[PDB]
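**Q** Model the structure of this input:
(chains A, B, C, D and E, ligands or ions: 1)
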Amino acid sequence: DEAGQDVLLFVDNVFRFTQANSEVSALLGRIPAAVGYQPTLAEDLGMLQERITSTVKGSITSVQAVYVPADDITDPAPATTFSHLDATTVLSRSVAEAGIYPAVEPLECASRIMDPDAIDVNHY
Amino acid sequence: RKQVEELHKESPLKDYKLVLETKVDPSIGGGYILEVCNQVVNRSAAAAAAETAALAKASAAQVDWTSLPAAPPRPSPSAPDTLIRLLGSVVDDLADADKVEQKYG
Amino acid sequence: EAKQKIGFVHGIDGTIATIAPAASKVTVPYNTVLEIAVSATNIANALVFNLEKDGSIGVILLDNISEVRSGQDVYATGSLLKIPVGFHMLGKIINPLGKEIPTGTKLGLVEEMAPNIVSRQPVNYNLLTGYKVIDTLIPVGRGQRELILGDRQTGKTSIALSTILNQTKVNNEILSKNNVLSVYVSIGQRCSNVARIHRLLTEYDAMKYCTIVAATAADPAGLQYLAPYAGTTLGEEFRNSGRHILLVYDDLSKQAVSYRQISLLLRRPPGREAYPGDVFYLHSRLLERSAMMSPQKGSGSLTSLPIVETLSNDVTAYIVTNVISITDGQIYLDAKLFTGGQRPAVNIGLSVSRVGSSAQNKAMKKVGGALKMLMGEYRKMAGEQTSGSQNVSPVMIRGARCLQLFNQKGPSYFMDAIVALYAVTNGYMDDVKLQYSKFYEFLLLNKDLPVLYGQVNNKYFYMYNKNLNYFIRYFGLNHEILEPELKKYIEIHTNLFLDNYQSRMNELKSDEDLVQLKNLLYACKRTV
Amino acid sequence: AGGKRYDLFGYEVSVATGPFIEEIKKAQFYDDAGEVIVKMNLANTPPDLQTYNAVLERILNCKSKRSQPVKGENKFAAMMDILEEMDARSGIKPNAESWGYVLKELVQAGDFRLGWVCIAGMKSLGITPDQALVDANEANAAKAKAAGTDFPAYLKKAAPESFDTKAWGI
Amino acid sequence: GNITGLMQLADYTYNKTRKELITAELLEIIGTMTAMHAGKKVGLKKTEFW
Ligand SMILES: Nc1ncnc2c1ncn2[C@@H]1O[C@H](COP(=O)(O)OP(=O)(O)OP(=O)(O)O)[C@@H](O)[C@H]1O
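**A** Residues are numbered from 1 along each chain as shown, chains lettered A, B, ... in the order given. I have put the structure below:
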């Protein structure tokens, strides 16, 4: 805002922030969710995420890591994180066991800027 | 007082005896704050002046002069037949050029 | 003007607040609004969720939560929640409390009992998504709530967004009574997606007939609980004005998550997947307000397109298993197909529309009757055949030619969808390749080869007027006046393409020209 | 004299469509007319054939849809949607006096091709169109054919030989 | 004929484990709710103290 510069924000990682409140929510008296997460997950996550957004004054190029316990994408913690992102890079244990790195599964991931108008048509 | 007893009359209860309890407020330099039978009324410069402050804010906010004022609506072109007669095919290009100019130029 | 207080706040837990009442004689109704005086200047609205024997009020907070403190006073309005309503709301997005948001009289309730059966009508009119798939095999009629399933990034939002841009060319033309309006409702989606939607609909001049409700992620939970409700209220008044109206939710699963967050923070009894019991009632309070009303009630209509996000193609989840049991059909998307260039990535086997024909027009029934009897055999053949074996049969040819036409960015006009599908189902599009089918379609629709190459043995039937659909919708192509003209136009355009273009295409066995052509095909896939 | 008309569920229905017709003929614009079908329907007095015909009448006589102009305005489509609303939605069928307004608007706009369509439709249902309108239709047709206005210009334009995305104006 | 037997055996194990998982989530939630209330159980205690 004040300096007007562009910024990077590397975060390693969001899931520890989620479980940090999960360890406390049961002690506060808050009843937990299905898998054993707080019920305030999506709200606290959004109130953290929405601060991360480009503005008229500057720009935040954020990058976020996530822990998928058991490689289960159906875990609600990564699942709620889809909506608050523009490029959902996904990694998998399978591709790494084949000795390939970066262990990317191109089909299970996709971006938002993948349009002909934002980038070159040949790239699309 | 004239609003106190009258609000005690407007209340669901009026046969009950009325009792007063006054306090000194550092926030208010003008007007009064009253509570009768769980019916509060605020006549205070903090809120009263802030009411008109909100109206004088929204009034200025309502109208923005930076943006261009909307132009008058354009009616259908209704090109005359003579124009088509003189230039059978160029006329379409002229209309397209005029529209493009109206968008860009 | 004098306000009425009941007590002060006992404690709060994030979005939730409990109340300690004063003057125990006084009561409060169940679902009323409460105004909290964070300061003499600012005021926060809230709703009463439950009540207790000791005398206390469980309250859900909707604005300026951070300013709340203990020891603050409360006041009561004495009415249910309500929002400003009318025709003065189409061009602007709002908060579900009605607060207009910046961007670069009458009131109405959120919880109205839905119309009973006598106040309703069986659906008979269509609602054109603009996509050929939907209007053929799984049509959406007005008053026909239809679900949209799918995992992340499969084309859920884009469907409704094309459904709304499609209704701009028409609503300008037809009267202001049959002009299907629209209301988007975003729940928990990122705020920048909202502004990108705003710029999109403002680009196509569609926001004149389309508003948005936004309860973003930063907004509290109780404000996510009410967004589809207030959007339904906005559509309910238009139903009472006789108009038609569309309604979108993006999405309900986060509405359920918010209701979960509130019930569990209010110490309510949980159930399956930590949801309370009445979540199936939470949705049935909403969706059944969608209906086609009767001529005694203005003939209005409220169409609902609820989006729900699956996870790894599961459908046995509680929310999806309930919403499917509610809606009058569904649409099932597959990411396995969204990656394979099948965009929209529908899944025709699992997709259902209980309103099969009665919604469709006179021109569409004869076409869809063929398409069902084409894809029904396509799936059996593509399922039993190998991946590499060549089969020369009209089903495996025509159907795969149809799947390409189904691929399309953005909507498509009615006239173009019928002429393009009539060409296939009758077999005119058998000689062209699978790849140039869309270029053939692009030439058929926007260009006009017979008008160019001199073939004008056609009195009226051409694909340049675009006002001809209003004859197709009335008479239908099977009528004797449009059948021969249509067939001659298609046969001529087919021979012209097969002779002039389709031969030049195969001859370009070069390096740069192949890429120059493939960009053209994958661009024709987009503009159409 | 008035044959009874019943609702879907068998309920009685009013038919005194008179004052709503006089309230339509006064419509300075052809959108308050469509707004009056609402007021009829809500009073359990649905529209008759003559009623929709009066709607088509003011659609022909009125100048604009609303006070201000509107982009994408078209009298012809607004009439044809009324016809679809009459035939398939409700059940009432049109008559020659209904199609007459349609053919008149096609003459005023000069779209001769749709004129020959509406002609081939009226002659299929067994209706006698006025030759006075067919004559003006063919007059506009030949008038356009002689001046090359039989078709637009951007269709007759030369086809780009190259398969360039910018060549085809995509 | 063998694949079908293996398939139905897997459909049973899947649909049974899905139920045991749903029930387990209920047990965890109700255990937390019952523990909070049992510990937070409030009583009058109108007994002598002096
Ligand atoms: N027919 C199509 N052709 C090309 N691109 C398409 C097509 N349909 C959708 N898209 C692309 O899909 C993207 C939009 O994804 P979509 O809105 O379906 O995700 P989503 O389901 O809303 O994600 P989430 O569930 O997280 O909200 C855009 O990049 C859009 O261009």
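**Q** Residue C:185 belongs to a helix, doesn't it?
**A** No. According to DSSP: H, G, I helix; E, B strand; the rest coil, residue C:185 belongs to no helix; its state is strand.
**Q** Is it bridged to anything, and to what?
**A** residue C:213 (DSSP bridges).
**Q** Tell me which helix or strand the residue most central in space within chain B sits in.
**A** Central residue of chain B (CA atoms, centre = their mean): residue B:58, 5.8 Å from the mean position. In the assignment (DSSP states H and E), residue B:58 maps to helix B:45-62.
**Q** So which bits of that helix are buried?
**A** B:46, B:47, B:50 (16 or more other CB atoms under 10 Å in any protein chain shown). In this view, the C-beta of every residue, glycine as well, is placed from N, C-alpha and C.
**Q** Give me the distance between the residue nearest to the centre of chain B and residue B:51.
**A** To residue B:51, residue B:58 is 11 Å away according to CB to CB, to the nearest Å.
**Q** how many neighbours does whichever residue of chain B sits closest to chain E have?
**A** Of all residues in chain B, the one sitting closest to chain E is residue B:38 (28.2 Å; CB to the nearest CB). Other residues near residue B:38 come to 19 when the count uses other CB atoms under 10 Å in any protein chain shown.
**Q** Cross-check the contact I'm expecting between it and residue C:4.
**A** Yes. Counting by CB atoms under 8 Å, residue C:4 is a contact partner of residue B:38 at 5.9 Å.
**Q** Next, the contact list for the nearest residue to residue C:82 once chain neighbours are set aside, please.
**A** Using CB to CB, 6 or more residues apart in numbering or on different chains and skipping residues adjacent in sequence, the residue nearest residue C:82 is residue C:107, 4.4 Å away. By CB atoms under 8 Å, 6 or more residues apart in numbering or on different chains, the contact list for residue C:107 reads C:82, C:83, C:84, C:85.
**Q** before we move on, what about residue C:233?
**A** Residue C:233 touches C:83, C:85, C:108, C:109, C:110, C:112, counting by CB under 8 Å, 6+ apart.
**Q** And for the residue of the stretch 51-200 of chain C found nearest the ligand, the neighbour number?
**A** Closest residue of the stretch 51-200 of chain C to the ligand, CB to the nearest ligand atom: residue C:157 (3.4 Å). If you count neighbours by other CB under 10 Å, residue C:157 ends up with 20.
**Q** Point me to the helix or strand that includes it.
**A** helix C:156-173.
**Q** For that helix, buried residues please.
**A** C:156-157, C:159-173.
**Q** Mind checking if that helix is in reach of chain A?
**A** No. Applying CB under 8 Å from any CB of the partner chain, one finds helix C:156-173 separated from chain A by no less than 10.9 Å.
**Q** picking up where we left off before, separate out the buried members of the contacts of residue C:233.
**A** C:83, C:85, C:108, C:109, C:110.
**Q** how far out from the middle of the chain is the helix holding residue B:58?
**A** 11 Å (CA atoms, centre = their mean, to the nearest Å).
**Q** before we move on, what about stretch C:80-99?
**A** Distance, centroid of stretch C:80-99 to centroid of chain: 20 Å (CA atoms, centre = their mean).
**Q** who touches the residue of chain A with the smallest separation from the ligand in this structure?
**A** Among all residues of chain A, residue A:82 sits closest to the ligand, at 4.6 Å; criterion: CB to the nearest ligand atom. Listed by CB under 8 Å, 6+ apart, the contact set of residue A:82 reads A:88, C:152.
**Q** now swap in residue A:110 and tell me
**A** Residue A:110 neighbours (CB under 8 Å, 6+ apart): A:88, C:153.
**Q** let's see it at 10 Å
**A** Counting by CB atoms under 10 Å, 6 or more residues apart in numbering or on different chains, residue A:110 touches A:87, A:88, A:89, A:90, C:152, C:153, C:154, C:335, C:338, C:339.
**Q** In a markdown table: the residues you listed, plus secondary structure, distance to chain D and neighbour count.
**A** Shown next, in a markdown table, are the contacts of residue A:110 (DSSP: H, G, I helix; E, B strand; the rest coil; distance: CB to the nearest CB, whole Å; neighbours: other CB atoms under 10 Å in any protein chain shown):
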| residue | secondary structure | distance to chain D | neighbour count |
| --- | --- | --- | --- |
| A:87 | strand | 27 | 11 |
| A:88 | coil | 30 | 17 |
| A:89 | coil | 31 | 17 |
| A:90 | coil | 33 | 16 |
| C:152 | coil | 30 | 18 |
| C:153 | coil | 26 | 19 |
| C:154 | coil | 26 | 27 |
| C:335 | helix | 28 | 20 |
| C:338 | helix | 24 | 20 |
| C:339 | coil | 24 | 16 |
